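Accompanying notes for the structure given below.
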Amino acid sequence: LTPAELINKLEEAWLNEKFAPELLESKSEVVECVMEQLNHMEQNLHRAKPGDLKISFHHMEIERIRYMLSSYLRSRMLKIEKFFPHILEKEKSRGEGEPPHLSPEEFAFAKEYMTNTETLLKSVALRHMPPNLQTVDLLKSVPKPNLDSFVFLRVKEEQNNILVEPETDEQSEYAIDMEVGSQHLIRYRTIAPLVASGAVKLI
Amino acid sequence: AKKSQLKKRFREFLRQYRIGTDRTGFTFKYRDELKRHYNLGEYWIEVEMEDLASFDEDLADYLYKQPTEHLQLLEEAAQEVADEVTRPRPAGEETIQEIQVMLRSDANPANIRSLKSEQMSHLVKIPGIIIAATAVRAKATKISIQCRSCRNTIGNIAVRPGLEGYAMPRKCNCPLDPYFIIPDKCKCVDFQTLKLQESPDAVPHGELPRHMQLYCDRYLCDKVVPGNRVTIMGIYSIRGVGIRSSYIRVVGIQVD
Amino acid sequence: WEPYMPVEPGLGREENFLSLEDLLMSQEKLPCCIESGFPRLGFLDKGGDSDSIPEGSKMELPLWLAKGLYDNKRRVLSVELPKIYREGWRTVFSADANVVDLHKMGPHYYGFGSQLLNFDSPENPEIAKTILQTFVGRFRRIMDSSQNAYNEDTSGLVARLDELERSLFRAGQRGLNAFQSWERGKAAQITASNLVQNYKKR
Amino acid sequence: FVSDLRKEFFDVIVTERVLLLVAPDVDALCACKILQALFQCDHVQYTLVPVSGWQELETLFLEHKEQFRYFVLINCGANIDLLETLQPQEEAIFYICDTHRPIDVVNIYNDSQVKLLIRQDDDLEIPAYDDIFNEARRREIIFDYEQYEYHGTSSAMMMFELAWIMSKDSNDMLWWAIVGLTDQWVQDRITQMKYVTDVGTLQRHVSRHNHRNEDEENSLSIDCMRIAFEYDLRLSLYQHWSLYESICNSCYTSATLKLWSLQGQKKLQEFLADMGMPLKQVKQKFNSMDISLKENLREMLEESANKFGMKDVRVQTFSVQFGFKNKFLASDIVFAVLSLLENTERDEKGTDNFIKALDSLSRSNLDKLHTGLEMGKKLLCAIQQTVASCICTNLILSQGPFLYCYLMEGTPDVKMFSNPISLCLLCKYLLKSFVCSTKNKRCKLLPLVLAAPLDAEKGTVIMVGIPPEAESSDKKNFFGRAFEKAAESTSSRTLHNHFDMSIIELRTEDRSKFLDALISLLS
Amino acid sequence: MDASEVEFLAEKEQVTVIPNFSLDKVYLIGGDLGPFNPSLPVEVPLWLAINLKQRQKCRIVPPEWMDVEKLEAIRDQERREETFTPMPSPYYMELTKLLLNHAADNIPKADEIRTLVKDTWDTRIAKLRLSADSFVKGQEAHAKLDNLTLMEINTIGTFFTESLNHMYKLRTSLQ
Amino acid sequence: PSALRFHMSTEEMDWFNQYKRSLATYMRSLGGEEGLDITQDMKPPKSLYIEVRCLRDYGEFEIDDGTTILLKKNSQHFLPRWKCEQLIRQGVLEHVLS
Ligand SMILES: [Zn+2]
């Protein structure tokens with residue numbers, strides 16, 4: 001893995017995270033590698049003599065990569081904040097052998113956010129409520145991801161015999177043979193495993 | 001012919017005019033406006049006169065002195081450009097609609113009492129106040145005729161704009177004058193006539209204000225109601241011995 | 001990057017518990033008949049002199065109350081469709097959908113029409129079809145109005161659109177202005193958010 | 001006295017924090033624009049702060065005396081001893097690029113902080129160091145050296161030279177240098193011969209940059225700046241408003257034809273008839289006139305002017321055409337920027353007035369330029385009306401060797417002339433018109449001292465004076481020294497805040513004694 | 001995804017510049033920058049080329065596809081096929097805008113290039129509008145948008161997808 | 001700012017403080033040493049130094065070099081981008097383009 005391939009993987013993860021309705025799989029290894037490279041390059045730039053153009057080149061590159069990393073992490077944070085209860089419930093019932101969806105820091109942040117929200121709602125309102133009505137189930141109040149949203153994608157590995165609208169026969173053509181390099185407009189529910197396995201890129 | 005060259009020059013003006021500097025960016029002004037208006041359903045554009053002068057001074061100078069043919073060529077060029085910008089139109093809208101071009105300029109306005117007889121068939125800019133209007137009648141643009149005896153048909157005849165008719169043929173090509181206009185095979189547009197009165201300050205002392213008849217067509221109808229101050233840009237034209245009534249074919253209105 | 005992100009309303013037969021717009025849509029009243037009388041609730045009816053609402057009375061209850069008290073047994077409450085959703089208006093909608101004023105008919109047309117499907121009726125397959133065909137027929141004009149309108153007063157174009165169509169219009173207008181600002185080279189300025197400026201106005 | 005600029009000025013401040021102080025004048029603004037372009041190209045941090053007078057200069061220096069070490073001053077702080085007033089340190093280095101020729105002797109003979117960027121090849125008579133610093137001979141030299149306040153070379157030309165040495169010169173910098181030179185010409189601060197020499201130099205540079213070639217300047221796209229040399233007319237803004245108003249509101253045509261008088265109007269009508277242009281077209285906007293009338297306008301105008309006693313109706317200047325519609329002349333930019341700098345309706349936020357004036361000089365703020373053009377038209381009309389009113393009613397009295405005129409408070413558009421540059425322009429225009437009108441031979445070679453009600457509350461009147469008009473004047477002004485001596489003699493309360501000593505304030509009470517003492521001193 | 005981010009993805013293509021300064025090899029995280037020899041071509045990412053041109057330190061060489069004849073051929077091909085056609089670059093509009101706005105004295109015949117790119121863009125946008133209208137009218141569930149660039153998608157995105165989401169919600173409610 | 005705080009309840013203020021602490025902890029958790037501040041860098045980068053102009057008096061603004069800058073209305077400084085983005089977004093500075 002050349003560093004260029006690491007940057008390309010970071011870009012692909014950023015773009016895939018931006019257009020996905022749910023919270024995709026964590027990629028903490030890429031984050032840590034990119035952070036380490038940036039940290040080393042900061043000192044490598046600091047040592048260099050002032051007045052050199054290489055300083056400008058390296059500083060511009062660092063500013064160009066830090067933005068992408070921050071945007072990816074910000075998207076993940078927003079998605080965690082919008083759907084904390086369902087994400088936490090899915091994390092509790094996680095089975096071994098399945099890739100994790102949350103880094104430990106994100107898991108702690110989600111726990112703290114849920115605790116803050118529950119404590120605030122309880123203290124402000126629920127205390128003075130009638131005794132019978134004082135329990136609110138956050139698993140049935142906070143919204144859920146809309147896995148039926150339409151997305152744009154570019155195909156990397158060929159897939160054949162893909163079923164469009166599997167639950168209805170109203171569609172005239174129900175079979176799609178995706179080639180390599182083509183782009184399609186289709187629902188997210190149909191092609192979620194393809195995005196998960198890296199065979200399809202959301203652009 | 002020179003008509004084709006003039007039409008090509010107008011098309012180039014429409015397709016190549018840009019506004020802005022390289023420090024911010026460039027945006028084509030009339031092509032984008034044509035596309036936007038055609039998609040919205042409004043088939044018209046408002047072409048300034050300083051822009052056309054800056055692009056081609058000769059073209060602007062041929063519009064201030066022979067407005068009829070040059071305006072017709074400009075409208076045809078606008079139609080062709082609008083057709084090419086939105087070439088893949090949705091099903092049912094293959095046929096291209098006609099575009100009406102309105103003019104505007106920042107010149108100092110003239111007076112109604114300053115209109116000489118030399119300035120006939122020239123673009124003029126006169127202010128005033130509207131004091132009358134008429135009901136929106138119909139004016140034909142394309143007509144088809146048919147013989148009464150041998151029922152020969154001569155379709156797609158064009159009628160000049162303004163208060164000008166069409167002399168029907170005598171020979172049948174079946175008595176003399178055997179041709180009648182087919183009612184349903186006629187394309188018509190809106191049509192209105194106004195009366196412009198001289199401004200209350202330009203009137204000399206001890207004299208009643210003068211008037212002037214106006215002509216409005218297509219999207220210019222129902223834009224001004226009596227009692228509005230307007231600035232009119234139009235073509236001075238004619239409709240006792242040798243005396244002819246004179247009106248003003250309005251090609252632009254700026255309600256104040 | 002929009003700073004404030006309120007909870008989106010839920011289209012279809014299901015609402016969102018935390019949605020403000022869905023909390024106002026259900027407030028709209030719906031014709032109902034009291035199949036079994038409500039004793040000791042006659043104080044609600046100002047005209048009625050008795051302290052108990054009699055059996056068989058008809059009232060325009062809010063949608064949330066009708067949903068709460070409804071039961072398939074139809075022994076506590078029965079629901080009558082509003083006038084806009086009966087056959088008479090459905091045929092008019094089928095005639096041409098771009099001429100009606102879905103802001104005066106009801107500020108939330110699609111949402112309320114979908115919520116009407118919770119109550120069982122023999123006309124639901126027709127109500128759903130009418131709503132779908134209305135949306136399909138009105139989509140194209142909304143798209144053309146939103147995309148091709150630059151630097152022009154839009155109050156005349158959004159005066160006959162309900163809230164869902166108004167949101168679509170906003171999306172189209174913000175998708176056009178971004179490109180136009182990019183081409184003119186005004187997208188390279190670091191600018192404060194709208195919320196900060198609005199706070200500064202105060 | 002700085003001999004080299006690529007090594008002693010730029011490289012010293014490349015990796016430091018510069019602080020630019022710019023005086024409010026068009027030449028200073030152009031020099032500042034060129035310096036900012038160079039600094040931004042070389043990644044040099046700087047702080048740009050407006051400076052108006054001596055007091056503001058001192059206060060702003062005190063504010064940032066610790067945060068910065070290297071200081072650069074443009075068109076300010078060169079005719080006085082900056083070291084004594086500011087009291088700087090050894091580390092601080094002051095770079096000064098100012099057009100005032102009577103440089104302070106102390107700053108000339110100093111190598112610690114004052115590194116003057118003023119060119120040493122100018123007409124400057126430097127006194128001997130031993131005579132001044134080593135006694136009546138010293139006073140004689142002092143009086144023979146600091147007698148006048150004639151201006152010098154343009155700062156923008158020096159900035160363009162600095163950019164040229166570094167090979168970082170673009171068309172935008174050449175245009176700013178041209179605008180600075182034309183600003184100097186318009187204010188009438190340089191002689192005609194020096195203006196012609198500078199025009200020749202800038203013409204050489206323009207010919208270098210605009211290397212026209214076949215199929216190279218044809219395939220070259222529009223929207224690229226194209227500066228060209230043009231021997232054009234002597235009319236102000238004649239391409240924006242009508243030709244008639246331009247003729248009636250200029251300075252050469254109005255003074256030569258005596259347009260303030262009815263016989264002048266008749267002569268103007270005869271001139272227009274002789275040219276052969278209908279009165280309708282002449283009164284229309286220049287961009288809407290007939291093409292045929294604009295074919296050979298310059299030649300016919302020159303001929304019909306030659307018949308009517310007008311000779312110098314053609315001047316040498318430059319143009320610019322960056323796109324389809326945009327096209328200006330140097331004097332138009334000068335007038336627009338000057339109007340934006342000095343505004344009375346925008347008296348609020350004077351620093352914002354400076355900001356708008358600076359922003360108008362960029363090719364991305366053309367709307368501000370157009371507003372400046374409109375304001376310049378209004379200013380020209382106002383000064384013409386005021387000159388006509390002053391001449392017709394005989395408000396100018398030959399009080400001894402110098403003429404004295406005072407603007408009444410009730411006089412319309414009097415708030416416009418409280419500003420310095422507007423007052424100077426009014427003074428020059430009024431003097432030229434009066435010289436053209438009057439018949440007394442002695443009065444034709446006399447100076448003018450104009451006044452204006454600067455502040456009503458404190459009873460302060462602003463005063464200005466210009467050198468006597470002549471066919472080939474040296475532009476040398478002695479009014480500052482005489483004003484100072486008369487103020488000391490009368491124990492008057494006068495202020496010299498402005499960087500030009502010829503402009504001072506004065507209380508209403510001290511007016512009469514000051515005037516009488518000035519008459520006695522000039523006798 | 002705003003247009004600035006789409007530009008940010010188009011500022012990584014490769015262009016050839018002819019520097020005037022001299023510099024040795026630079027080891028960037030994304031690649032190795034070739035030796036900088038005056039009057040010698042060295043390929044650099046577009047952002048570096050733009051910065052160097054703005055700082056007066058290079059001379060941008062126009063890309064191969066930026067020719068009048070090639071662009072006319074592309075425009076004629078686009079106005080001939082019903083569906084979309086392959087483009088000389090996936091970021092042709094951003095490349096054209098940036099290069100023609102920041103370095104026009106080096107590129108010759110810039111005006112005709114800008115006039116032809118605009119025509120191709122207009123035709124492709126009209127085709128995209130037809131595709132959207134046909135998608136909604138037919139109540140389809142899939143569409144094959146081949147050879148379509150990112151900016152053209154960004155023009156109509158966030159409006160097409162939301163409309164399709166609402167249509168799907170209104171389309172399966174009784175189920 | 002005190003203006004926004006005046007309209008906030010005490011429990012809401014406690015929630016805000018706890019949210020801020022959790023956010024800071026998450027920021028520090030990222031990577032080694034000081035973490036990557038997600039709040040900054042909210043727009044694609046284009047150049048290192050940007051020309052800015054003050055819009056109000058803000059005392060003096062200090063940089064890591066140990067030297068402050070007197071922020072006075074209608075003054076311009078050619079500072080690097082990464083030091084002024086927060087000030088620009090708050091409304092204390094304005095980005096000046098050529
Ligand atoms: Zn016949």
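Naming scheme: A, B, ... for chains in displayed order of the structure tokens; residues 1 onward per chain; ligands 1 onward as shown.
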Next item on the list: Would you list the contacts of stretch 455-461 of chain D as a list in words, taking every protein, DNA or RNA residue within 6 Å and counting only C-alpha atoms, but skipping same-chain residues closer than 6 positions in sequence?
Entry: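 Surrounding residues, per the criterion: residues 505, 506, 507 and 508 of chain D.
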Next item on the list: Write out as a count of residues only the residues lying within 10 Å of stretch 176-182 of chain A, counting only C-alpha atoms and excluding same-chain residues fewer than 3 positions away.
Entry: 21
Next item on the list: Would you mind listing what lies within 7 Å of residue C:56 as a ChimeraX atom specification, with only C-alpha atoms counted and same-chain residues fewer than 3 positions away left out?
Entry: /C:33-36
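With only C-alpha atoms as the basis for measurement, F:39 is the residue among F:76, F:17, F:68, F:39 that approaches chain C most closely.
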Checklist line | Surroundings of ligand 1 up to 8 Å, based on only C-alpha atoms and all ligand atoms, as a count of residues only | finding: 12
Note to self: Give me, as number ranges by chain, the residues of chain C touching chain E, with the criterion being at most 8 Å (counting only C-alpha atoms).
What the structure shows: C: 11-13, 114, 117, 125, 128, 131-132, 135-136, 139-140, 168, 171-172, 175-176, 178-179, 182, 187-188
Checklist line | Polymer residues at most 9 Å from stretch 75-80 of chain D, only C-alpha atoms, same-chain spacing of 4 or more positions, as a list in words | finding: residues 21, 22, 23, 24, 25, 27, 28, 51, 53, 54, 57, 85, 96, 97, 98, 99, 100, 101, 102, 103, 104, 105, 106, 107, 116, 155 and 499 of chain D
For the selection you just gave me, I'd like the residues written to a file as a PDB file, in the first residue's frame, keeping C-alpha atoms.
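What landed in selection-v5.pdb:
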ATOM      1  CA  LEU D  21       0.959  54.038   5.925  1.00  0.00           C
ATOM      2  CA  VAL D  22      -0.697  55.630   2.882  1.00  0.00           C
ATOM      3  CA  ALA D  23      -1.767  59.260   2.540  1.00  0.00           C
ATOM      4  CA  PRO D  24      -5.167  59.995   0.956  1.00  0.00           C
ATOM      5  CA  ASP D  25      -4.287  60.770  -2.661  1.00  0.00           C
ATOM      6  CA  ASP D  27      -0.986  58.543  -6.592  1.00  0.00           C
ATOM      7  CA  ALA D  28      -0.495  57.125  -3.094  1.00  0.00           C
ATOM      8  CA  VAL D  51      -3.235  58.036   7.675  1.00  0.00           C
ATOM      9  CA  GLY D  53      -2.645  64.099   8.935  1.00  0.00           C
ATOM     10  CA  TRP D  54       0.381  64.631  11.169  1.00  0.00           C
ATOM     11  CA  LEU D  57       0.267  59.731  11.826  1.00  0.00           C
ATOM     12  CA  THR D  85       8.638  63.795  16.415  1.00  0.00           C
ATOM     13  CA  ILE D  96       9.860  56.709   2.871  1.00  0.00           C
ATOM     14  CA  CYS D  97       8.558  57.166  -0.690  1.00  0.00           C
ATOM     15  CA  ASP D  98       7.024  60.647  -0.914  1.00  0.00           C
ATOM     16  CA  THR D  99       6.758  63.194  -3.719  1.00  0.00           C
ATOM     17  CA  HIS D 100       7.506  66.339  -1.694  1.00  0.00           C
ATOM     18  CA  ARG D 101      10.814  67.791  -2.908  1.00  0.00           C
ATOM     19  CA  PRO D 102      11.698  70.116   0.026  1.00  0.00           C
ATOM     20  CA  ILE D 103      13.022  67.140   1.982  1.00  0.00           C
ATOM     21  CA  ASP D 104      14.046  67.706   5.588  1.00  0.00           C
ATOM     22  CA  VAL D 105      17.816  68.088   5.884  1.00  0.00           C
ATOM     23  CA  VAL D 106      18.025  65.955   9.039  1.00  0.00           C
ATOM     24  CA  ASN D 107      16.359  62.991   7.331  1.00  0.00           C
ATOM     25  CA  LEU D 116      14.722  57.541   1.758  1.00  0.00           C
ATOM     26  CA  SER D 155       5.404  57.197  -6.251  1.00  0.00           C
ATOM     27  CA  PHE D 499       0.702  67.266   4.864  1.00  0.00           C
TER      28      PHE D 499
END
